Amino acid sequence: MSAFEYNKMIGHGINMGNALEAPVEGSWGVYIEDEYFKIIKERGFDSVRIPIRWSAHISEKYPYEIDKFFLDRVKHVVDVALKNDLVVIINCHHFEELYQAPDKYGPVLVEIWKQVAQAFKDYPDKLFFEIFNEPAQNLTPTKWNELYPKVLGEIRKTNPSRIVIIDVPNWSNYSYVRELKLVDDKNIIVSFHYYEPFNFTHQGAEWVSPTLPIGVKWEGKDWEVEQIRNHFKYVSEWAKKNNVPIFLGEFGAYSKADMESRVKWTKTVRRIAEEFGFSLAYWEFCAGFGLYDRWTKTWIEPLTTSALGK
């Protein structure tokens, strides 16, 4: 039961976006209904990645205790996901203070994972932990390389062998993969995110400032495919050198991009990842990058097939 076998269990997955990583669940548009996981399994996904903003559910002061009600909610969500025979990834996501002052908030992340690891320690091996989403800014490659092992150390005290996913630093952009220093732990998976070209995938996304213009195409030209292949080969050669499996944790193009381009970009990214033995998770389930319409109760096609491969 090696890290590579567990990586294959992640397989082709999907992110439950705009839910538990909002300040409050539902305030970004998605409340996780129990049936969503049955719906996700039924379509053919192997896994679900669940972004969680734990940092908005803890006391301001030490020992940064996680709200009991929030913790039981997450427990319930995990329970239902696992009962639907999915692999489940829970993370810490959008810890804004960590990006600004990691020397101060690094110990807070440790305490958060102390508590989450303790609550989930007896869960089946199909639940994975992911220490942090997209280290960046003040949480530099170097500080991340210092911080993550300490959180991992803490996790290992109660969960000796559970799969733990380590994000690439600098927003987990592919090109920073070589900056990540690896530990001796043999039950880890390295994760990067892919949104290239950013002016395609995030065109018209109001949350980017300035808002990128729309009308950007992705056409599947040989040169366009090759861009993607070269980026992933770079991740691939590093990973093989270091004997670590790779998880493409997020990839997607915003719905304000033209559908034809989205289908081509999405299917190309998925195929290239499969080619390098990367597991993957589409961003995201049902909102602005979404594959599933909650109201019409239908998966958008062929985009969903482009994301999933079936």
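In this text, residue numbers run from 1 along the sequence as written.
Trainee: If you average the CA temperature factors over each stretch, which comes out higher, 185 to 193 or 213 to 221?
Mentor: Stretch with the higher mean C-alpha B-factor: 213 to 221.
Trainee: Of 112 to 120 and 234 to 242, which one has the bigger average CA B-factor?
Mentor: The entry gives the higher C-alpha B-factor average to 234 to 242.
Trainee: Go through 87, 90, 208, 163 one by one and give the residue whose Cα B-factor in the PDB entry is largest.
Mentor: That would be 208, according to the entry.
Trainee: Out of 248, 66, 52, 48, whose C-alpha atom has the biggest B factor in the entry?
Mentor: Each of 248, 66, 52, 48 was compared by C-alpha B-factor; the highest is 66.
Trainee: Ranking the modelled residues of this chain by C-alpha B-factor as given in the entry, is residue 145 in the lowest, middle or highest third?
Mentor: Middle third of the chain for residue 145's C-alpha B-factor.
Trainee: Lowest, middle or highest third: which one holds residue 300 when the chain's residues are ordered by CA B-factor from the entry?
Mentor: It falls in the top third of the chain.
Trainee: So where's residue 273 on the chain's Cα temperature factor ranking, which third?
Mentor: It belongs to the middle third of the chain when residues are ordered by C-alpha B-factor.
Trainee: For the chain shown, is the CA B-factor of residue 76 in the lowest, middle or highest third of its modelled residues?
Mentor: It falls in the middle third of the chain.
Trainee: Taking only the Cα B-factors deposited for this chain, tell me whether residue 158 sits in the lowest, middle or highest third.
Mentor: It belongs to the lowest third of the chain when residues are ordered by C-alpha B-factor.
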